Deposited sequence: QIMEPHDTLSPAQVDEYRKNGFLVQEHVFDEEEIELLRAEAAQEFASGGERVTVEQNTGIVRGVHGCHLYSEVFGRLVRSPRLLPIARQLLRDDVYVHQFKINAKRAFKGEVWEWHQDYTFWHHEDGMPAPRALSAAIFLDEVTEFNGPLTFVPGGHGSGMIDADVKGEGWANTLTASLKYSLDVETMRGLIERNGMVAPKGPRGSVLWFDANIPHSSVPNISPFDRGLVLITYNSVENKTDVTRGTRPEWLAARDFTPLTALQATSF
């Protein structure tokens, strides 16, 4: 049987990723593949227990660490459409630091405050450097009006930015109101210098973005959902210092075994 040979990014695509801190590949997965991922996401929301977050409404907001519990999601992170590019960009073997599905229901979502993901991973999880990235799979078309991820392009180039801390514990690392949000003034400067961009794309697209790029999103006023599957790949050399870790495995992985690609089988 045959998997399609590993595809990697072009030099131009790599350059664009390093400069901007994000990159969209359209139509990586087809509709049937997206429907399978959507059905598995629904199962995870229903059966995820303590791994599930909820929104004012008690409506499901997020589920975490699904690659450890779902055979489908365990295979997805090894996909030949994903793993080769993560290896290319991080210039290493890689593993999954974090996995989450963020629902942003039609008419329903919440405001994710400005943040850098690395700030959490560094301070909560002991990630020593920002040699990590996230792949966001669009389960639905992402538009202007359904609460797209919004970035400051080039905003990753200064590194970790000083952030207000709010409360001990980790409960508020997954909430609308975030543990590390960005100085109102620091953001103004960044945006005045670099601007703001919300990448769009059809269902089945993949949005790659740097661990350190500032991002945000608003509620969904469209009649259409905005499901994102977010896979955070980390360089194996950049494995986190488990002695400085504070969160469970379904938020911050502790098995640093290098991922290998999915091969074709008869089942």
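Missing from the model, relative to the deposited sequence, is only the stretch 56.
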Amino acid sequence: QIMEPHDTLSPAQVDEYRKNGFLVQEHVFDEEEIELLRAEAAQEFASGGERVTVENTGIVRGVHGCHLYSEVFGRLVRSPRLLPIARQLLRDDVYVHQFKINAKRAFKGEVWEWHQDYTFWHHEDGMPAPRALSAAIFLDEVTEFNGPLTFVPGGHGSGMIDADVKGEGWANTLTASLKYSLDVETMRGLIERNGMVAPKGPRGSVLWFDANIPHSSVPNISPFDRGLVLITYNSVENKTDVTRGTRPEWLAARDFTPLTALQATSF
From here on, numbers count along this sequence of modelled residues.
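In this text, rigid core is short for the largest set of C-alphas that superpose within 1.5 Å between two forms.
Relative to the shown model and aligned on the rigid core, the C-alphas in 7 other deposited structures of this protein deviate most, among 234 to 242 and 213 to 221, for 213 to 221. RMS Cα deviation from the shown model in 7 other deposited structures of this protein, rigid core fit, is larger for 179 to 187 than for the other stretch of the pair 124 to 132 / 179 to 187. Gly58, though modelled here, lacks coordinates in at least a third of the other entries of this protein that were compared and that model residues flanking it.
Per the PDB record, of the two stretches 112 to 120 and 156 to 164, 156 to 164 carries the greater mean B-factor over its C-alpha atoms.
Looking at 121 to 129 and 173 to 181 together, the entry lists the larger mean B-factor for 173 to 181, computed on C-alpha atoms. Annotation for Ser70, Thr53, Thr232, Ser235: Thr53 ranks highest, by Cα B-factor. Which of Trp208, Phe45, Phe224, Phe29 has the largest Cα B-factor in the deposited entry comes down to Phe224. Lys200: CA B factor lies in the middle third for its chain, per the PDB record.
Annotation for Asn194: C-alpha temperature factor in the highest third relative to the rest of the modelled chain, per the entry. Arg105 sits in the highest third of its chain by CA B factor, as recorded in the PDB entry. Among all modelled residues in its chain, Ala261 ranks in the lowest third by Cα B-factor.
For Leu76, the recorded CA temperature factor ranks within the lowest third of the chain's modelled residues.
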